[PDB]
Ligand SMILES: [K+]
Ligand SMILES: [K+]
Ligand SMILES: [K+]
Ligand SMILES: [K+]
């Protein structure tokens, strides 16, 4: 039945994307009700970026400094405020296409769909994971800033990511929609080290469950392990520790397949130690770690979105 | 920076997905104007499937045998016809969300976005390739039939695929939206061998160009080759022949990178012969072949969609 990097449908988010211009910067903004959210670095010139005082830069801005275009329609900015690193432009018009939404702060490991936009217009949609070092390995160009990551539960869009910058290593960094960066990053043009990246253990397990649901059973082995002995081996291969919360979230998949998490863990231990012997799991020769337990359930059980 | 399996935004297609029920079979249909398109095997019982006479089964169907639900809204079927393997249900209501669209028959190697649906509701969106054996390596479950593949050019949705069946090997087969199967497949429960699957050479090349644009240069080697000497090696590794047309299509990427196609070919030759030596290209330990030259340009140049 197959298994793919599968994104949410983008329709609900497409209707919220606007173009926001200030000074020499055009990026994207998120139009929900009568508010447009965008990265506040839109207010900076090249020179401001080196050491911005955002409180002072904003005081010196006026509503008229901001041009927001929604399609062929200029939105008039009637107010402006700043929440952490997100700029909130109050506009004259509530988006008639505002979906049900929440703003959620996700954890490292968790995945979301990205709607990459340029000039307020969607370019494409792809699935991403928040890396343990709070970066995301996006596909973003110049003008992508303001693009958002989201999940959908039933009819509710949970916005969890807004893109702010690309680091020198080519990976991306951003905020929740309350404006707080994921990770030790600041919206300043100053050198900033991503922490060292690790592998999202709980996701690799989830993906192995996915492999079992799709028939692949070769990696199932006769060994068993304790959580602690597993985490010792994990550590050595630059894997995130497996928590009890992780074991609990894998519960559904363990019940669906009948294979216990610690059993699956022992199978992963051996994959880590010995390798794959030129075999593949779900078409991959590497252990894939950008699928959450929930992502697997949703793809393997057929969860739809209203 | 970065490179992902990136699907078109699904919004324009989300509004066309309906639920079509007939007897006990529920699948998806495509609601464009006052017509709903779905796979005609929806009219078959388990027993009909073994050797259906579709002309006769349909004559014995009535408009009232078909339940079409669009959201929480029953569409009344007021007519039914059959085009090859697609059922066309005339309904009382033109879809108010019908986009600009064409129905296009794609060729093997070309890619498209799939909006996987169940019960007329989208589950996810992902990028796919028409395999050289006219199958697609989808992610589809029971009830996915009627789900469509599409591309978007400016504001126009080109529908190119409608899902009809899964083969025993777990790969999928379907029709264009005129109802003609891709490949030697029939909407009948009779054994059907997919031809042997080969690798889409021109796409692997395009993806290597993508790798070069994203900095990866290790696989570039000092060798060069003739097209014919390349195709001899390709054959041995189950790669599609490289045509002159393929070399011409890769022109843009060859110009962007400055690496000539035959030069890139020699780099692929070596990858095929020697392997990767535990190195990776764009995070992958396998040669990826589900990105067209155009897909690479589009993602690396940032083309948007309205
Ligand atoms: K600016
Ligand atoms: K075991
Ligand atoms: K495409
Ligand atoms: K070369």
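Following Swiss-Prot, chain B shows residues 3264-3569, kept in their order.
How was it done? The header gives X-ray crystallography, 2.2 Å.
Just so it is clear, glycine is given a Cβ too, placed from its N, Cα and C backbone atoms.
Annotation comment: Swiss-Prot describes B:3264-3569 as domain 'Peptidase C30'.
Non-local neighbourhood of residue B:3268 (ubiquitin cross-link): B:3389, B:3390, B:3553, B:3554, each in the same chain, at least six residues away, with C-beta under 8 Å from its C-beta. As annotated by Swiss-Prot, ubiquitin cross-link applies to B:3268 (among others).
If you look up Swiss-Prot, you'll see B:3304 marked as active site, for 3CL-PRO activity. Look at residue B:3304 (active site, for 3CL-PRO activity): DSSP puts it in a helix.
Annotation source Swiss-Prot lists ubiquitin cross-link at B:3353 (among others), citing experimental evidence. Taking all protein chains in view, 15 other C-beta atoms sit within 10 angstroms of the C-beta of residue B:3353 (ubiquitin cross-link).
Sequence annotations record features per position, and here Swiss-Prot assigns active site, nucleophile to B:3408. Long-range C-beta contacts of residue B:3408 (active site, nucleophile), restricted to its own chain and to partners at least six residues apart, with a cutoff below 8 Å, comprise B:3290, B:3291, B:3301, B:3302, B:3304, B:3305, B:3426, B:3427, B:3428. DSSP assigns residue B:3408 (active site, nucleophile) to coil in the three-state reduction, outside any helix or strand.
Those recorded positions from the list B:3268, B:3353, B:3408 that have a Cβ under 8 Å from chain A Cβ atoms: B:3268.
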